[PDB]
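One chain comes next, on its own, written as structure tokens: the form deposited in one PDB entry.
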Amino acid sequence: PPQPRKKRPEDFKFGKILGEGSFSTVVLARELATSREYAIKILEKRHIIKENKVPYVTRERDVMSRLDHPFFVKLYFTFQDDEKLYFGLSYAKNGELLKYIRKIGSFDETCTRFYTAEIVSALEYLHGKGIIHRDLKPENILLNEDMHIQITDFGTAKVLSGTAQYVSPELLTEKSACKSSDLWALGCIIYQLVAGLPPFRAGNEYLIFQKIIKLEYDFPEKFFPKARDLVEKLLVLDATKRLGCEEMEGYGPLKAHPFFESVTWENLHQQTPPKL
């Protein structure tokens, strides 16, 4: 089945910068023929070769192409010119989940519940494909125009067959990740929605890591009891004992947790999100 001919830079009107890393930049672009907006990731080939990042770039192109689900940023197309690679990605108009955390301070139980539920539902899909994110965080959990999540940033994903504050203990005591690594990250993110801050904080990276391996953190007095219980079943040193992992029999027990009592799991992206 014939695909549309290769696109090129001149097919777009480029606008503002949407995101920045030291090897790539995401720019908003409007396709002239359609007036559609895309988030185009631009990568300079020479810099990526120089910095030995080719495996990461390929990894992301491969992963983001196979993902077909509303809670994931989609890769629509790729092209390149003499110097640059272009990835046409979903444009998540409302930006980072991190922004909303900073904006409103900390979520109420209704919003925490709904967004956690979406995240859990996205991970179930992802893990179902034998893919592990490895760098899940509020920065790359984006929000669509409709205020549903869209997860992105897959260069560091692992196909089976990170950021200091969200790093799992196994990554510090063995250097080997699994699906439970994502579930640990999830426990950190839930904590952050409720409290307004990540669980493991310190003056520098070394001190942060030191806290992780000791499981040194605690709950504010004001912290939804059932959310606290859930977090405590995710933030567990033993990776095989995190709710949701294969050795704990997967996503059934996770979705059945009392914190999610009122959630309808089947059609989350069709539900109207709670107002922030």
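Residues carry their position along the shown sequence, with the first being 1.
Residue 106, present in the displayed chain, carries coordinates in each of the other PDB entries compared that cover both sides of it, far from a third leaving it out. Of the other entries compared for this protein that flank it with modelled residues, a third or more give no atoms for residue 161. Stretch comparison (165-173 versus 87-95) by mean CA B-factor in the PDB entry places 165-173 on top. Looking at 150-158 and 102-110 together, the entry lists the larger mean B-factor for 102-110, computed on C-alpha atoms. Across 38, 217, 251, 56, the greatest Cα temperature factor reported in the deposited entry is at 217. The PDB entry assigns residue 63 a C-alpha temperature factor belonging to the middle third of its chain's modelled residues.
Annotation for residue 82: C-alpha temperature factor in the highest third relative to the rest of the modelled chain, per the entry. The entry lists a Cα temperature factor for residue 26 that places it in the lowest third of the chain's modelled residues. Placement of the Cα temperature factor of residue 135 within the chain: lowest third of the modelled residues, per the deposited record. Residue 201 sits in the highest third of its chain by CA B factor, as recorded in the PDB entry.
Same protein, other form: the form solved in complex with a partner chain, not shown, and the subject of what follows.
Just one listed stretch, out of 214-222, 246-254, 228-236, 54-62, contacts its partner chain in the entry with it bound at the 4.5 Å heavy atom level, and that stretch is 54-62. Its partner chain in the entry with it bound is not approached by residue 99, whose heavy atoms all lie more than 4.5 angstroms from it. Interface residue remark: residue 80 is counted as part of the site for its partner chain in the entry with it bound, having a heavy atom within 4.5 Å.
Among residues of the shown chain, residue 45 is one whose heavy atoms approach its partner chain to within 4.5 Å in the entry with it bound.
At a distance threshold of 4.5 angstroms between non-hydrogen atoms, residue 75 is in contact with its partner chain in the entry with it bound. Put simply, of 172, 147, 197, 85 only one has a heavy atom within 4.5 Å of its partner chain in the entry with it bound, and it is 85.
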